[PDB]
Amino acid sequence: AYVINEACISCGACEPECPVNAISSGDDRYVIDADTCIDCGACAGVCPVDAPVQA
Ligand code: SF4
Ligand code: SF4
């Protein structure tokens, strides 16, 4: 799983780009569904602040 850390500025750019729709808007920051994430790294590639990190 990747997890979006506290650097997220809630820009929303990563949500459309997840190939398996694992990202949604949450309170404070966006959230990854760890039961769907397949570690592709796409969200980190479109993140301006590089908040998604592999855990
Ligand atoms: S790593 Fe890939 S599968 Fe996991 S949330 Fe980011 S874009 Fe979606
Ligand atoms: S692209 Fe980065 S800052 Fe923008 S919502 Fe996704 S994780 Fe947060």
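Derivation of every value follows stated rules applied to the coordinates shown; laboratory data play no part. Note that each Cβ is placed from the backbone with ideal geometry, even for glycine, and that neighbours are counted across all protein chains shown.
Side notes on the structure shown:
- Only Cα pairs under 8 Å and 6+ residues apart enter the sum, and on that basis the relative contact order of the chain stands at 50 percent.
- Shape class of the chain from the Cα gyration tensor (axes a ≥ b ≥ c, square roots of the eigenvalues): rounded, since a/c falls below 1.5.
- Free-standing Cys, the chain [no other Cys Cβ under 4.7 Å]: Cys8, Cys11, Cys18, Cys37, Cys40, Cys47
- For the chain, adding -39500 (n - 2.57) for each run of n ≥ 4 DSSP H residues and dividing by the number of residues yields -1000 deg cm²/dmol at 222 nm.
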